[PDB]
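Enquirer: Have a look at this one.
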Amino acid sequence: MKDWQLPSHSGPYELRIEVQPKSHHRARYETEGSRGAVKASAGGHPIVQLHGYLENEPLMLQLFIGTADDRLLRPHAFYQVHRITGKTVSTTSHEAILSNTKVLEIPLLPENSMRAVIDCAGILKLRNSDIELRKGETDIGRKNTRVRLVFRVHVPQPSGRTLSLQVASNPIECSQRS
DNA sequence: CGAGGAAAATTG
DNA sequence: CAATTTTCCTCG
């Protein structure tokens with residue numbers, strides 16, 4: 001259900017998420033698109049801050065979404081939707097649709113305290129029945145209503161070594177019945 | 001306003 | 001048949 005006790009670290013640098021949301025996101029449907037977005041049982045929007053690269057060179061962070069499978073990940077289902085609310089502090093946020101995969105290329109400014117708060121992305125539920133007739137693909141069919149987040153950064157050091165990171169956020173789950 | 005809970009439909 | 005889902009409803 002959660003594995004936050006076994007980090008890999010990146011030398012003298014460390015890219016980790018600050019305030020973490022709950023694993024019970026509320027993804028609505030394309031037929032009832034109205035509510036459902038970035039929130040938690042009470043209050044705890046997700047935050048992403050890098051504490052390591054302290055050079056005058058800029059950096060670009062990318063997001064990699066992958067369903068909550070067992071060992072090898074699968075091609076993301078369809079958790080792709082926009083948002084709307086003055087509280088949508090889009091200081092650092094971006095999206096990138098891929099062949100059955102969703103990614104977010106969020107760049108980091110130079111001296112902006114390396115801040116990247118997440119409060120401008122909602123969540124849509126993937127109608128399993130619609131993904132059942134999909135055939136071939138192994139996206140959210142009918143027994144997998146859970147996806148996983150994988151944050152990855154890539155900052156090349158001007159000397160002889162690349163600084164790449166890979167974090168894993170909690171799996172998004174809309175089904176309430178175990 | 002959002003979210004959760006419950007209800008329900010359909011599919012396997 | 002039960003599994004699982006689906007969408008709604010109600011509620012905070």
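Residues in the structure tokens are named by chain (A, B, ... in the order shown) and by number from 1 within that chain; ligands are numbered from 1 in the order shown.
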Using only C-alpha atoms (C1' of nucleotides), find which residues of chain C lie within 9 Å of chain A and jot them down as a ChimeraX atom specification.

Expert: /C:4-7

Enquirer: So that I have them on file, write out the residues from the current selection with C-alpha atoms (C1' of nucleotides), as a tab-separated table (two decimals), in the first residue's frame.

Expert:
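again-v4.tsv, freshly written:
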chain	number	residue	atom	x	y	z
C	4	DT	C1'	-16.63	-5.32	-10.58
C	5	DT	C1'	-17.95	-1.55	-12.07
C	6	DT	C1'	-20.46	2.58	-12.82
C	7	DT	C1'	-22.99	7.25	-11.59

Enquirer: Contacts from chain B to chain A, 8 Å maximum, only C-alpha atoms (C1' of nucleotides): show me the residue list as a compact mmCIF listing (two decimals) with N, CA, C and O atoms (P, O5', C5', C4', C3', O3' and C1' of nucleotides), in the first residue's frame.

Expert:
# COMPACT_ATOMS: atom_id res chain seq x y z
P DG B 2 -15.44 22.16 -7.37
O5' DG B 2 -15.26 21.21 -6.08
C5' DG B 2 -14.38 21.58 -5.02
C4' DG B 2 -14.21 20.45 -4.01
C3' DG B 2 -13.98 19.12 -4.71
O3' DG B 2 -12.74 18.53 -4.30
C1' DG B 2 -15.90 18.98 -3.24
P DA B 3 -12.33 17.06 -4.84
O5' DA B 3 -12.65 16.10 -3.58
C5' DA B 3 -12.91 16.63 -2.27
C4' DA B 3 -13.62 15.61 -1.37
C3' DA B 3 -13.45 14.19 -1.89
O3' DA B 3 -12.76 13.38 -0.93
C1' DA B 3 -15.80 14.72 -1.64
P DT B 11 -22.48 -5.01 -20.63
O5' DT B 11 -21.41 -5.79 -19.70
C5' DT B 11 -20.36 -5.07 -19.04
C4' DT B 11 -19.21 -6.00 -18.65
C3' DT B 11 -19.13 -7.18 -19.60
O3' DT B 11 -17.81 -7.30 -20.15
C1' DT B 11 -19.55 -7.93 -17.32

Enquirer: Run DSSP on the backbone and grab whatever in stretch 7-172 of chain A lands in helix (DSSP H, G or I); send it over as a ChimeraX atom specification.

Expert: /A:128-132

Enquirer: Write out the residues from the selection above, keeping N, CA, C and O atoms, as a PDB file, in the first residue's frame.

Expert:
ATOM      1  N   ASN A 128     -13.582   1.455 -16.531  1.00  0.00           N
ATOM      2  CA  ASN A 128     -13.025   0.079 -16.773  1.00  0.00           C
ATOM      3  C   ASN A 128     -13.762  -0.617 -17.924  1.00  0.00           C
ATOM      4  O   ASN A 128     -13.137  -1.178 -18.801  1.00  0.00           O
ATOM      5  N   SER A 129     -15.080  -0.583 -17.927  1.00  0.00           N
ATOM      6  CA  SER A 129     -15.858  -1.243 -19.030  1.00  0.00           C
ATOM      7  C   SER A 129     -15.355  -0.736 -20.392  1.00  0.00           C
ATOM      8  O   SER A 129     -15.147  -1.512 -21.307  1.00  0.00           O
ATOM      9  N   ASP A 130     -15.140   0.559 -20.524  1.00  0.00           N
ATOM     10  CA  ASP A 130     -14.629   1.122 -21.818  1.00  0.00           C
ATOM     11  C   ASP A 130     -13.209   0.596 -22.086  1.00  0.00           C
ATOM     12  O   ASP A 130     -12.824   0.382 -23.223  1.00  0.00           O
ATOM     13  N   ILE A 131     -12.434   0.372 -21.044  1.00  0.00           N
ATOM     14  CA  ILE A 131     -11.044  -0.153 -21.234  1.00  0.00           C
ATOM     15  C   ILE A 131     -11.082  -1.688 -21.365  1.00  0.00           C
ATOM     16  O   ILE A 131     -10.077  -2.313 -21.657  1.00  0.00           O
ATOM     17  N   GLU A 132     -12.237  -2.295 -21.174  1.00  0.00           N
ATOM     18  CA  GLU A 132     -12.356  -3.779 -21.307  1.00  0.00           C
ATOM     19  C   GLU A 132     -12.461  -4.116 -22.797  1.00  0.00           C
ATOM     20  O   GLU A 132     -11.829  -5.038 -23.281  1.00  0.00           O
TER      21      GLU A 132
END

Enquirer: Write out as a PyMOL selection string the residues lying within 10 Å of residue A:117, counting only C-alpha atoms (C1' of nucleotides) and excluding same-chain residues fewer than 4 positions away.

Expert: chain A and resi 17-19+45-49+88-93

Enquirer: Quick one: write out the picked residues with N, CA, C and O atoms as a PDB file, in the first residue's frame?

Expert:
ATOM      1  N   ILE A  17       9.478  14.711  -2.613  1.00  0.00           N
ATOM      2  CA  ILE A  17       8.185  15.465  -2.558  1.00  0.00           C
ATOM      3  C   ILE A  17       7.935  15.932  -1.116  1.00  0.00           C
ATOM      4  O   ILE A  17       8.127  15.184  -0.173  1.00  0.00           O
ATOM      5  N   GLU A  18       7.513  17.164  -0.942  1.00  0.00           N
ATOM      6  CA  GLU A  18       7.256  17.691   0.436  1.00  0.00           C
ATOM      7  C   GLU A  18       5.863  17.234   0.920  1.00  0.00           C
ATOM      8  O   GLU A  18       5.674  16.069   1.220  1.00  0.00           O
ATOM      9  N   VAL A  19       4.891  18.127   1.004  1.00  0.00           N
ATOM     10  CA  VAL A  19       3.525  17.719   1.479  1.00  0.00           C
ATOM     11  C   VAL A  19       2.953  16.656   0.534  1.00  0.00           C
ATOM     12  O   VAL A  19       2.882  16.856  -0.666  1.00  0.00           O
ATOM     13  N   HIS A  45      -2.305  19.040  -0.319  1.00  0.00           N
ATOM     14  CA  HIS A  45      -1.910  18.989  -1.771  1.00  0.00           C
ATOM     15  C   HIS A  45      -0.449  18.521  -1.888  1.00  0.00           C
ATOM     16  O   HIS A  45       0.357  18.784  -1.009  1.00  0.00           O
ATOM     17  N   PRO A  46      -0.148  17.839  -2.973  1.00  0.00           N
ATOM     18  CA  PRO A  46       1.209  17.317  -3.229  1.00  0.00           C
ATOM     19  C   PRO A  46       2.190  18.434  -3.582  1.00  0.00           C
ATOM     20  O   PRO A  46       1.851  19.386  -4.262  1.00  0.00           O
ATOM     21  N   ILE A  47       3.406  18.308  -3.117  1.00  0.00           N
ATOM     22  CA  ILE A  47       4.452  19.342  -3.405  1.00  0.00           C
ATOM     23  C   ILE A  47       5.727  18.652  -3.900  1.00  0.00           C
ATOM     24  O   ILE A  47       6.034  17.543  -3.510  1.00  0.00           O
ATOM     25  N   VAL A  48       6.476  19.308  -4.752  1.00  0.00           N
ATOM     26  CA  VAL A  48       7.741  18.704  -5.273  1.00  0.00           C
ATOM     27  C   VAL A  48       8.870  19.737  -5.172  1.00  0.00           C
ATOM     28  O   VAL A  48       8.850  20.758  -5.835  1.00  0.00           O
ATOM     29  N   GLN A  49       9.848  19.475  -4.338  1.00  0.00           N
ATOM     30  CA  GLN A  49      10.986  20.431  -4.175  1.00  0.00           C
ATOM     31  C   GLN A  49      12.312  19.665  -4.248  1.00  0.00           C
ATOM     32  O   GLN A  49      12.474  18.629  -3.625  1.00  0.00           O
ATOM     33  N   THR A  88      -5.337  27.456  -8.139  1.00  0.00           N
ATOM     34  CA  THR A  88      -4.499  26.647  -9.072  1.00  0.00           C
ATOM     35  C   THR A  88      -3.175  27.383  -9.329  1.00  0.00           C
ATOM     36  O   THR A  88      -2.898  27.859 -10.415  1.00  0.00           O
ATOM     37  N   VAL A  89      -2.364  27.463  -8.307  1.00  0.00           N
ATOM     38  CA  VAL A  89      -1.032  28.144  -8.407  1.00  0.00           C
ATOM     39  C   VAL A  89      -0.162  27.418  -9.452  1.00  0.00           C
ATOM     40  O   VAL A  89       0.661  26.580  -9.119  1.00  0.00           O
ATOM     41  N   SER A  90      -0.355  27.722 -10.719  1.00  0.00           N
ATOM     42  CA  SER A  90       0.436  27.053 -11.799  1.00  0.00           C
ATOM     43  C   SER A  90       1.799  27.749 -11.971  1.00  0.00           C
ATOM     44  O   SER A  90       2.182  28.126 -13.067  1.00  0.00           O
ATOM     45  N   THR A  91       2.544  27.901 -10.897  1.00  0.00           N
ATOM     46  CA  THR A  91       3.892  28.546 -10.992  1.00  0.00           C
ATOM     47  C   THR A  91       4.817  27.622 -11.797  1.00  0.00           C
ATOM     48  O   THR A  91       5.633  28.076 -12.581  1.00  0.00           O
ATOM     49  N   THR A  92       4.677  26.329 -11.609  1.00  0.00           N
ATOM     50  CA  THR A  92       5.513  25.347 -12.348  1.00  0.00           C
ATOM     51  C   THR A  92       4.667  24.094 -12.630  1.00  0.00           C
ATOM     52  O   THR A  92       4.531  23.221 -11.788  1.00  0.00           O
ATOM     53  N   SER A  93       4.087  24.015 -13.805  1.00  0.00           N
ATOM     54  CA  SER A  93       3.234  22.836 -14.159  1.00  0.00           C
ATOM     55  C   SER A  93       3.145  22.691 -15.684  1.00  0.00           C
ATOM     56  O   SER A  93       3.082  23.670 -16.411  1.00  0.00           O
TER      57      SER A  93
END
